[PDB]
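Coordinate analysis (summary)
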Amino acid sequence: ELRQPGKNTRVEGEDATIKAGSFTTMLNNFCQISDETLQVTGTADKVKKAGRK
Amino acid sequence: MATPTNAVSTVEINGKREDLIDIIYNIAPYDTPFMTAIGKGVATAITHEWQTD
């Protein structure tokens, strides 16, 4: 970003004293793991069902 | 008598191979008379139903 404006008046030939600069800001985020698990018994797959094979 | 004095016999040789029948004899009973006598069929559900008249 940029700094805020302000008053800027200087004396003639001030032998400038060197003002400090500006630096960037570092941001970071962490990773995340999502999962889903399922278990079905063998009997539930052999019997006849309506709407599913 | 009783094998010549210096004859080479099976007593002295050392490289004799073993003899295995290569067949396993199992006579334990495993017959199922009632299961063999009755008929076979297929069921498609946990509960099996039929009718009489």
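Residues numbered from 1 in each chain as written, not as in the entry; some residues may be left out. Chains lettered and ligands numbered in written order. Part of a larger assembly, values for the part shown. Heavy atoms only, no water.

As summarised from the PDB record, the model derives from cryo-EM at a stated resolution of 2.6 Å.

Of the regular secondary structure elements, chain A holds one helix and zero strands. Relative to the globule expectation of 10 Å for 53 residues, the C-alpha radius of gyration of chain A, 34 Å, shows a markedly less compact shape. Structurally, chain A occupies a C-alpha span of about 95 × 20 × 10 Å along its principal axes. For chain A, the accessible surface area stands at approximately 6700 Å², while carbon and sulfur atoms represent 53% of it. Averaging the locations of the 9 positively and 7 negatively charged side chains of chain A gives two centres separated by 21 Å. (Helix = DSSP H or I, 4+ residues; strand = E, 2+ residues; numbered from the N terminus. Rg over C-alpha atoms; globule rule 2.2 N^0.38 Å. Areas by Shrake-Rupley, 256 points an atom, 1.4 Å probe, with all protein chains shown as cover. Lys, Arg positive; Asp, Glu negative; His and termini not counted. Charge placed at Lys NZ, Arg CZ, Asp CG, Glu CD.)

So, about the overall build of chain B. When its secondary structure is counted, chain B shows one helix and zero strands. Its C-alpha atoms give chain B principal-axis dimensions of about 95 × 25 × 10 Å. By the burial criterion, 0% of the 53 residues in chain B qualify as buried. Counting every atom, chain B has about 6300 Å² of accessible surface; 58% of that belongs to carbon and sulfur. (Buried < 20%, exposed > 50% of the residue type's maximum accessible area, 1.4 Å probe, protein only.)

With that settled, consider unusual backbone geometry. Comment: phi is negative for the bulk of residues other than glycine, and the bulk of peptide bonds are trans. Residue and element names in this part refer to chain A. You will see that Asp 15, though not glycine, has its phi angle at about 55 degrees, which is positive. With respect to the element layout, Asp 15 can be found in the segment before α1 (43–46). For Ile 18, which is not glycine, the phi torsion reads 65 degrees and is therefore positive. Structurally, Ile 18 is set in the segment before α1.

Turning next to a nonpolar patch on the surface. A cluster of nonpolar side chains, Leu 20, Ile 21, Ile 23 and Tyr 25 of chain B, forms an exposed patch at the surface whose accessible area comes to about 520 Å². Within the secondary structure layout, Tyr 25 of chain B lies in the segment before α1 (33–37). (Patch = residues over 30% accessible without salt bridge, like charges linked within 9 Å, V, L, I, M, F, W, Y side chains within 5 Å. Salt bridge = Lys/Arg side-chain N within 4 Å of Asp/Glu carboxyl O.)

This part is about the environment of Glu 1 of chain A. As for its position among the elements, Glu 1 of chain A is in the segment before α1. It is 8.8 Å that separates the C-alpha atoms of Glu 1 of chain A and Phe 23 of chain A, two residues lying 22 residues apart in sequence.

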